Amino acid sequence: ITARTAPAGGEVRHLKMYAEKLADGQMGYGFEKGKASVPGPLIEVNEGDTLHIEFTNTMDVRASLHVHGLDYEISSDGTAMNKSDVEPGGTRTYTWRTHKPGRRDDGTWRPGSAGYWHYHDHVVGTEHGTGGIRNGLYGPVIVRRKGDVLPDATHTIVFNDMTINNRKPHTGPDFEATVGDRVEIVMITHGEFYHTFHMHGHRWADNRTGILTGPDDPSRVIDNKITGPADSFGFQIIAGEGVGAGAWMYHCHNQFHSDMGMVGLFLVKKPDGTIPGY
């Protein structure tokens, strides 16, 4: 493999995180005060890493951090129930652990933590984070397995109710690649709606990594994936592979949601920077 690959994990990483109310009314996570995003920052790690996150709630209401997929103790589940949220102005340290797969004492196979996951608030608005999530308190988490192929860039598309990334309808987000790039997309759904994520000109494997191991990988290949609230998948694609440059559309294929604004562009450029038709 001429491509970069993920190393074996086992680091103890540290991370400061904030929750901020944004001037537009939204709420967002950030790694630096004043630099909060919706979606929030991407956290990326290797199976075996441990992550300590000193999370500071800079808001006037309680807020929390809840993650999918990773190992955490109940003290870190981010729920009011388990006394795990954070009061206004407070600071709590959360810990996420990840393990490699392997055989258990009983001969059964323990799955690893690798995958395309995500984190979100669990206590704003309701004890399930309905307000925090609607407001933008969600972000992606990637856990890589030793050997995983690494992309040239990672992009996060979140269908949150009937928006992408909390944007006004019909305003993207667009993003750009050059024909040939190894583009990784993290796709997360939130809210009370169901969607189908469709991408013109490109397809991927409906498995953990979006990539087939080889000739024996039985995973289906698809260009259209159904998604429900708190579902998260990812894939990698070769921008324009076999199809060339262009303004490639991505959208929710729900005809109503398409019409109502859930559309963006994957702008795959030629080596000279141009996009056929423009």
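From 1 onward, residues are counted along the sequence shown.
Note on 99 to 107 vs 131 to 139: mean CA B-factor is higher in 99 to 107. Between the residues 73, 174, 87, 148, the entry's highest C-alpha temperature factor is the one at 87. Among the modelled residues of its chain, residue 270 has a C-alpha B-factor that falls in the highest third according to the deposited record.
Ranked by C-alpha B-factor against the other modelled residues of its chain, residue 259 falls in the middle third.
Residue 20: CA B factor lies in the middle third for its chain, per the PDB record. Residue 244 sits in the middle third of its chain by CA B factor, as recorded in the PDB entry. Sort the modelled residues of the chain by CA B factor and residue 205 lands in the middle third.
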